[PDB]
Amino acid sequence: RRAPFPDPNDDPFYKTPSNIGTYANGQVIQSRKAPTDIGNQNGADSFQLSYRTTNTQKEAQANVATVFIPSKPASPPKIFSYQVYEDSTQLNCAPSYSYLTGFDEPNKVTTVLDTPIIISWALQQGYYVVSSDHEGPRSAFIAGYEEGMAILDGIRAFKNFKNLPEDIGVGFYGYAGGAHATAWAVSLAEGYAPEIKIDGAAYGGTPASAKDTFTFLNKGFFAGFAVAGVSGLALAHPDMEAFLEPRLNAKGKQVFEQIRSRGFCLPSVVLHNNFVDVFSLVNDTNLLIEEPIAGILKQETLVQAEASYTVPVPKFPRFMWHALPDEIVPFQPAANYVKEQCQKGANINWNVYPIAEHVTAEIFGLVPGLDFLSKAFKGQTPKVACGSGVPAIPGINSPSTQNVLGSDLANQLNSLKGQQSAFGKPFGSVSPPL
């Protein structure tokens, strides 16, 4: 069975009406039921929402998000916002289209692997689920402001549409390209959507800096992502599009046309431009140094050491993970982001997998991150030193005192509780406070 809906390029549902400027951010333009594999597998209604959002230039535009409605909602109610690693600069790769039933949707890989297990879990807990087309109508992959505002306005639209309490607690999940959009949504939340109440966010494989991810990727096997990211920023930064187009050589012109063309989604992106140099595509090898790109890159980062703006520092419980030898998305800018955030007051539970890559870490931290989000929805995330994980605690995340010490010495140790230590302050228990 083929997609139940027209190609988004051919569907007026995705067009931005001329009166768009008169809708408020988050206001619903229209809605429609949407046949989705996930909605079917959980007996949950699914819908598409057209709604107004704001692009990088601060101009109104219309966008689509997908909402799943759990059969038995949890009380009090929660919204779970799942961010897809769309990783494409073509409109028919969007999450909404890829959630539909059928077999031929070109980016279906981004919604049928771990995505359904993750969105199912949230629905089986009673959470309301939104997943926006975070790249927006301009398909602007890794454009942080574009993704951020679109995700948050997607949540406002979910709240407007199902008339949910203005203070419903929201939680975010995303990996890889989904983690970039997630990271920017929570970064922008305070400044752009202060009325959204965020209980928690779990994200991993995070591209913290657009510039550092480009350098890490260029000339490598996954250089096709560097092409994709250049295409995406240019679609959200028309001054960079204007700077790039006259610099594209004969080959470069055809490369970007291919990466913006219908059906060229994530599976295509990683099967093309392997080992290519983006600089080979353009006459200028000085593009990173010259304006406007040099300034844009200073905007398109969350690392304060590179940013030309004061980076926001979200305070709610956060859970982040990353493969140390990640071969697609570099570990160190994510580590630098975590450190910076922590020195300014963040609550980041940081999880570094030593023997992992981008793909294996996508699963490794999946279950802990959802567990963490379940606790965040209950206001019960564990206490951690920011930028670390929970330390070793007998009976909780490491062997019991009995298992390690045996019964006698475990009773001796237990009975030091309350007795004077050599430092004149009393001993505590083997377990830190819960």
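The numbering used is simple: start at 1 and walk along the sequence shown.
- Mean CA B-factor, 368 to 376 versus 391 to 399: the higher value falls on 391 to 399.
- On average the C-alpha atoms of 160 to 168 have higher B-factors than those of the other stretch, with 160 to 168 and 344 to 352 being the two compared.
- Within the group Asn336, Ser209, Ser132, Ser75, the record's highest C-alpha temperature factor is found at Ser75.
- Taking only the listed residues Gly102, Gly178, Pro312, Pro267, the entry reports the highest CA temperature factor at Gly102.
- In the deposited entry, the Cα temperature factor of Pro246 places it in the highest third of its chain's modelled residues.
- Sorting the modelled residues of the chain by their CA temperature factor places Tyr127 in the highest third.
- Per-chain ranking of the deposited C-alpha B factor places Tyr14 in the middle third.
- Compared with the other modelled residues of the chain, the Cα B-factor recorded for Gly205 ranks in the lowest third.
- Among the modelled residues of the chain, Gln332 sits in the lowest third by CA temperature factor in this PDB entry.
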